[PDB]
Amino acid sequence: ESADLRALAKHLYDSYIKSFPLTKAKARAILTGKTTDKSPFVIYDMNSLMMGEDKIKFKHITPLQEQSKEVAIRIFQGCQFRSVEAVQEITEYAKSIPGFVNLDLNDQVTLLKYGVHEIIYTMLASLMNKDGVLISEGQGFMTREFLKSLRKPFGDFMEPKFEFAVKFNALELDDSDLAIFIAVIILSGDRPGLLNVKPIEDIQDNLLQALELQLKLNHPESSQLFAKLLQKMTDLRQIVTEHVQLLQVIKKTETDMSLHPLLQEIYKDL
Amino acid sequence: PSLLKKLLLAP
Ligand SMILES: O=C(NCc1ccccc1)c1ccc2c(c1)cc(C(=O)O)n2Cc1ccc(Cl)c(F)c1
């Protein structure tokens, strides 16, 4: 049984490389300054943001800068745009996981709907230092302090993401580990409204074995790593909860904020 | 029409 589980881990890691353009390996290389490439443009303040504002990939009728008078809104829009693309990359990876295609589509939609936010925050940690986050596919770096400067409620918007990333990065997971971990999160059988729970948990049980084999082999000296990682899964639930509350406060609080239809689908009835 | 469903039935 050991040989079949190892093949699954390989399958997932290959799909992961195919699906996700900026990997942890690449992100860490950039963050550690070990790269042929020139260092990212650092946005730490309003002036740096203005010069680097053009670098941000916001695609719309008007340029990012003209989009709002208020800078926290423009950053918010950039995050939402990246999230829409992130959901596409996750969905593509979800289709790669064995048996996911066979399940009921409505189940497949339910799993993505709850899964995506938790996966995004996992992979965001790959982009994160204690001091900031790589943005725009590595081309820029926005500091944690600058994100924390923005007026309320936006100032506290990214901070739990940073707090989670410090703890999660301390696990020192590599890309191969993450591929399986992510697969496990997608295949959670306790999502509200799932029609057929049994096939889901069946796959998730298989994924969980591959994961702990992966972690023993890849991280032999790390005692109870599997345990620590499962506990994180529960932490992610709690980040998303926090995040949704904040969106509602924005919803009623800000008239200007506009939500993409894809996000809007995931957010409704959550 | 779910947009997620549309993404799922994509190639
Ligand atoms: O909570 C996030 N999504 C949920 C969400 C949903 C509705 C509106 C806003 C939020 C989130 C936050 C930050 C994120 C990403 C996702 C993905 C990236 C990424 O891949 O870079 N980042 C970093 C980042 C930081 C600053 C700028 Cl300006 C930016 F464009 C991107």
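Within every chain, numbering begins at 1; the chains are lettered A, B, ... in the order of the sequence lines, protein sequences first and strands thereafter.
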Where does A:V116 contact chain B at under 4.5 Å (heavy atoms): side chain, backbone, both or neither? neither
Does any heavy atom of chain B fall under 4.5 Å from the side chain of A:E265, the backbone, both, or neither of them? side chain
A:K95 side chain to B:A10 main-chain N or O, any donor-acceptor pair under 3.5 Å? yes
B:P1 versus chain A, heavy atoms under 4.5 Å apart: side chain, backbone, both or neither? neither
Look up atom NZ in B:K6 and atom CG in A:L262, then write down how far apart they are to the nearest 0.5 Å. 11.0 Å
Using side-chain contact (heavy atoms from CB on, under 4.5 Å), reason through B:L7 and A:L112 one step at a time and then give a plain yes or no. CA-CA 11 Å; B:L7 291 162; A:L112 283 180; over 6 Å; no
Which of A:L105, A:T110, A:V109 passes side-chain contact (heavy atoms from CB on, under 4.5 Å) with B:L4? Answer is A:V109
